[PDB]
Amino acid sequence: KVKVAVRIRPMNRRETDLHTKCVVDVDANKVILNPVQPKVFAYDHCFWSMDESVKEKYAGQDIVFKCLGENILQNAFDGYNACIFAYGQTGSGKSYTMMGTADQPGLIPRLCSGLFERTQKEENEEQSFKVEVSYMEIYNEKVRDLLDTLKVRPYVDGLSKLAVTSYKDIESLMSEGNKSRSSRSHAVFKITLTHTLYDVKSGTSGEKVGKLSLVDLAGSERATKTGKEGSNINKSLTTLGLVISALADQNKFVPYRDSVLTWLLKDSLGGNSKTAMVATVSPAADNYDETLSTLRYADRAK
């Protein structure tokens, strides 16, 4: 159903340089926020990613995919639907986790690599796979096609959906979309995997469809006044919160239509779908408030 994880990023350069204190500790799957009384939260996984040298507990990109990606991918081969959301403060590690860098590929490249490896393994004259990708951006409840404002009618009228046949292919679209792309919008990478089995006369005898929606959410931080985007983002994120919580609690009412994001992903949120959320947070004292907020959001969803 619903899996919730928290990933703790390293100190950034500024925090390192300026000796900002660490206020986040971890204990197995508990997160302890020390005051800048200690607060303790429990999750399905906690990824402590502060320092590669501490092998005893460091979680690299490979670890995140093993614990959150592999299962979600398998789910799509099973013919079911799934979403993965990265949620948290700007600079906390949402994009690093979802897409990653050229040197540290994240969830999306690993998942696509795994996907094509598996399809190329199982494909033959009697069964085929069709892989289609869309990449869109939701900013202020308006949708933009990152593979080119599209109207919401639940479908996005005129949203490109492109057939890809190799990892390199699907890579050109990751690349293309990321260029055309950010901290104040949601980015949705969608894969449709269709697996068709054929009978003796080359007619269709079996077919499974699995959808994967991999989501880099808009930053969750509160804007500070020094003389609306944040408010619009808050509604969306609050609604996504209510949807995930309600599904996690599973006759209940689920408010899909209260936001463009949750409505467009209704198909992969309801039914027998699987949802995984990674709440990214800074370890540093100067982010306590936003870290605390992110932790409560993640706790609530679980």
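So that there is no doubt, residue numbering starts at 1 and follows the sequence shown.
Which class describes the count of deposited residues lacking coordinates between residue 148 and residue 149: none, 1 to 3, 4 to 9, or 10 or more? Per the deposited record, the segment joining residue 148 and residue 149 lacks coordinates for 4 to 9 residues.
Continuity check for residue 36 and residue 37, given as deposited residues lacking coordinates between them: Missing residues, residue 36 to residue 37: 10 or more.
Tell me which stretch has the larger mean Cα B-factor in this entry, 27-35 or 267-275. Averaging CA B-factors over each stretch, the winner is 267-275.
Greater mean Cα temperature factor according to the PDB record, 79-87 or 120-128: Per the deposited B-factors, the answer is 120-128.
Please work out which residue in 93, 114, 106, 158 has the highest C-alpha B-factor recorded for this crystal structure. Comparing C-alpha B-factors across 93, 114, 106, 158, the top value belongs to 158.
Take the CA temperature factors straight from the PDB entry and tell me which of 49, 61, 250, 262 peaks. Answer for 49, 61, 250, 262: 250, with the highest C-alpha B-factor.
Taking the entry's C-alpha B-factors for this chain, is residue 221 in the lowest, middle or highest third? Lowest third - that is where residue 221 ends up once the chain's C-alpha B-factors are sorted.
Please place residue 139 in the lowest, middle or highest third of its chain by C-alpha B factor as given in the entry. Ranked within chain, residue 139 CA B lands in the highest tercile.
Among the modelled residues of its chain, does the C-alpha B-factor of residue 203 lie in the lowest, middle or highest third? Middle third, going by the recorded CA B-factors of the chain.
For residue 168, the third of its chain into which the C-alpha B factor falls: Middle third of the chain for residue 168's C-alpha B-factor.
Ranking the modelled residues of this chain by C-alpha B-factor as given in the entry, is residue 196 in the lowest, middle or highest third? As the PDB entry reports it, the C-alpha B-factor of residue 196 lands in the middle third of its chain.
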